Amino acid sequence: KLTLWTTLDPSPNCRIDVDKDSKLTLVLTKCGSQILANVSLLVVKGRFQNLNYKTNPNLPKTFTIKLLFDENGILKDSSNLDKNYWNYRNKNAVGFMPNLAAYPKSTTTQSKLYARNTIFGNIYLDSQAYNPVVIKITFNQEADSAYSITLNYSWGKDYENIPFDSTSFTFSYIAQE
């Protein structure tokens, strides 16, 4: 009842460009009014599996994984994460949603959120300190969802045959209730 997560099942569970090109491990543990979050990401196939900017000049240095939730905190099909790999550990989940007062949605006109809607972290590819990636977590940015967690990954380095196999990052956010 306490923890909402992606099962630890080894099989791919996430779409960046293409169905099942990635495995997201996301654990949301409710500790009162804060959610303790833990995230890692492995790309298993497609253009981001093996980064080589020396050989592929058209390769982006960013992708975005979105978790979209309805008014009851149910994950929506339009999410990048496959609905079938998201459940409580061994139903309503508003206690796990990012607080709308703390993290307001952008009025249609604006598009500009407060800064507090966002968390930045440094994560690393292939367990090496010298393969940094910036993870940008943004709450309630997506307009056609009551709640959202957006995971933006970006990097600067001209990586040469580095697998997108990320280290683990911990963060917290204020819970809706």
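All residue numbers are counted from 1 along the displayed sequence.
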item	value
Stretch exceeding the other in mean C-alpha B-factor - 44 to 52, 110 to 118	110 to 118
Stretch exceeding the other in mean C-alpha B-factor - 5 to 13, 157 to 165	5 to 13
Peak C-alpha temperature factor (PDB record), options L125, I65, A143, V134	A143
Record-listed C-alpha B factor of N58: chain third	highest
